[PDB]
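In structure tokens, the next block holds one chain alone, the form deposited in one PDB entry.
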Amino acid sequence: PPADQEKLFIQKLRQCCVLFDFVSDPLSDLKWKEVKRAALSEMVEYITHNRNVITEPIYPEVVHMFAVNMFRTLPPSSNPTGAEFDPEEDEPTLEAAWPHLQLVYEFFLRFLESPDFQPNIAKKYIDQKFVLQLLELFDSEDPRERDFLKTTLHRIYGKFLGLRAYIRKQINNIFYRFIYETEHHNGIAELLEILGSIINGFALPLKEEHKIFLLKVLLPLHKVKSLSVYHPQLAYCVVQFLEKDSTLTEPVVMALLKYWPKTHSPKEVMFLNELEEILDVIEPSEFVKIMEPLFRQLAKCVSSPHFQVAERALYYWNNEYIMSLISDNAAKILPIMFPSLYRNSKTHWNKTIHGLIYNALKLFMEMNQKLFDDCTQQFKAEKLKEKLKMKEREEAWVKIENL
């Protein structure tokens, strides 16, 4: 009927606040679990297809229903921690109460997505406090939970201008702790996906806050060991900023150079891959600023004994656009690239990359015939620089007898 409907709805929300045990006692309460399962199941179908039911009083009743079900302390990690473990190889440990949890998530989402949903009426209840406890949940081990949370926080970000600043500051805090204190968190990817979409939304003359956020938060996310878990979405966030404002490219490329892995190969491949995507958007003007430091690295990589590092580097040559930026800058780039791939032409343990360095050397001479083997001319300038060095230290030490 036209009304006692609104009373019966609230009544059922109440009954869905009864938490059930799925872990400690896994065989208990089968019947009543189903009752709850059915109770919120129908409440989805109810609010989904019908309309004009998100009335003023049901708001607090819903938010409270969510909180009591969703906001718990996460249990101890089910995975070993330590330097000898790759979090990629962690056994998927699932949230045992997913029977109910899914439908609370699915519900609160439809509750959000309704075109009859009134933000500045709900905002009394979805507050900073709610957001913070929602943000805590991203460290859940269950990927399905993280998935829902991603979408939920993404909506909340969209529909509450009041909360946008807070949400930005809070996830920043989460990262800082991850990068600088613990180096463990299960939900880095998901938070970055939200952030990716957020980066696109940003406004024309990029605001200082966000520039800082790229340089101080997103770049250092690069230094943590478990980069593979969230690198794609991290790389995306970075690339988007560069599309939004090209003047950011020197600092970001200089940063990636600063953080270059010296003892972690998969990360070396990861960086090489990310940098190429960056070069795929580089305005020539911004390219001239970073070529030399960039290629002093590529030199190191090309001569790397690690076939996956060498390969990925050498694969830069199959990029028409990069290859042309090399071409009309050949003056500067070639004397630094040449020694590297020359030392590795005489011989190599790996035949494939042997093939690739022969090809690479070919493409360089076709750019500007450079019979410039005053390569060994530098190998002497360096012998002399070392003799001046050792003869300087002599003077300093024999001046220790001092005043």
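We number the residues from 1 along the sequence you see. If you superpose the two forms and keep the largest set of C-alpha atoms that fall within 1.5 Å, you have the rigid core.
Keep in mind the form deposited in another entry is missing from the figure; the text below concerns it.
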Residue from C301, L227, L192, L153 whose Cα, after superposing the rigid core, lies 2 Å or more away between the shown form and the other one: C301
For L314, is the C-alpha shift between the shown form and the other one 2 Å or more after core superposition? yes
Rigid core aligned, does the Cα position of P266 differ by 2 Å or more between the shown form and the other one? yes
Does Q118 count as moved between the shown form and the other one, where moved means a C-alpha shift of 2 angstroms or more after fitting the rigid core? no
